[PDB]
Structures are given as C-alpha cells and as structure tokens.
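This document starts with one chain, in the form solved without the partner chain, laid out as structure tokens.
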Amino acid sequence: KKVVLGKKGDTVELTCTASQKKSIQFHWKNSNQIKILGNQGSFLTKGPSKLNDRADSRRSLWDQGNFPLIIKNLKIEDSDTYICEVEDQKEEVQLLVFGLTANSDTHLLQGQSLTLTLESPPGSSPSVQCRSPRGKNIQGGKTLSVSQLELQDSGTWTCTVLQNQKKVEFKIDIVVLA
C-alpha cells in the first residue's frame, strides 16, 4: 500500500489517478468494504457512520482522471486502508493519522519536565524528532521526555514524525514561566 500521513484535526487528500485523462466510474471504500463515495456522491446515506459529512472529492478534477478522497477534521480512528477502484484497477492507500500534545494545558515552570506524546493509531511505531526554540534536536519514539525546561525553551517547538518513510510536521507552543 501507498502510505499517507495525516494530522489530527487537519484535512488529508488521498490521490487516485486513472490510466486515461477523462472521467469514468470510480468509488472509494474502506478496509471493511464500506463504500464511501463515487461519481454519484457520498454513499453514507444509510445511517450514522464514522466519516459522515467529512469525506469529499474534487468533482472538477474527475475529467482529468483524478479521483481524490479528501477527509476533513481528521480523527486518529480515521486511520485505515482506503481503496480507490476505477474500472478494473484498484489502488490501496494506508492513511495513518497522528496528533501531538504536551503534558500541560496552560504553562510550565523553569526546571520542570516536559513529555511530548504522539497520539498514534494502534500498532504504529513512529519515530519523532523535535527541535526546541533554542535549536537543540531530540529524537525518540512516540513519547519524548525532556528532563528540565529553561526560559529559553519558551516558544514554538517543531516536531517531525517519520513513519513508513513518510514525514509530517507539527508545531506546538510551549510556555515556560519564571
């Protein structure tokens, strides 16, 4: 499968391209084999579904043979294999959604510890690299622990997630009070 990474709360676009530069019948399904959308619109009209009202395509691109699946307001649980079927061909895309948080809602004090946690789909083992406002780089798995924060650590941290050779970047504001 092609792997695509998404950020929690963000939008992701899963591309699908046909051999011919023209519109033709297509649909997207998930790994449970539920059809999501196709040429005639969203199939999710039979009751409550996880993706209800959050999945779309770009109808204006279909006549170029491009049939993307766009999912907005991403949840970790949207992580799934999505399958685009156009005529006789099927393309499988594994979407993996991640979210980044710190273990504080308001603020930290100089000398306190920081835990950065990548909320991750079940069974994933991403690697994470973060850069502090001072320019120092740290790396590890889904959870990074910083022993003590300095006043100079107050500001925007930048963290890159690596999973299946794909990367996605998060920014998070950490405030350290004196």
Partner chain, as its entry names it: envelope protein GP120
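What we label the rigid core is the largest C-alpha set whose atoms superpose within 1.5 Å from one form to the other. Numbering follows the first chain given and starts at 1.
Only in words, not in the display: the form solved in complex with the partner chain, which the text now covers.
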**Asked** Any idea which of 130 to 138, 106 to 114, 57 to 65, 149 to 157 reaches within 4.5 Å of the partner chain in the bound PDB entry, heavy atoms considered?
**Response** 57 to 65
**Item:** Within 36 to 57, the residues that have a heavy atom no more than 4.5 Å from the partner chain in the bound PDB entry
**Value:** 40, 41, 42, 43, 44, 45, 46, 47, 48, 52
**Message:** Can you tell me which of these residues, 66, 152, 49, 127, is the one whose C-alpha shifts by at least 2 angstroms between the shown form and the other one after a rigid core fit?
**Reply:** 49
**Threshold 2 Å Cα movement between the shown form and the other one at residue 87, rigid core reference** = no
**Request:** Inspect the rigid-core superposition and answer whether the C-alpha of residue 101 shifts by 2 angstroms or more between the shown form and the other one.
**Result:** no
**Prompt:** With both forms fit on the core, is the shift of the CA atom of residue 138 between the shown form and the other one 2 Å or larger?
**Reply:** yes
**Request:** Explain in one word, closer or farther, how the Cα atoms of residue 46 and residue 12 are placed in the bound PDB entry relative to this form, where the distance changes by 3 Å or more.
**Result:** closer
**Request:** Look at the CA atoms of residue 47 and residue 81: state whether they lie closer or farther apart in the bound PDB entry than in this form, given a difference of 3 Å or more.
**Result:** closer
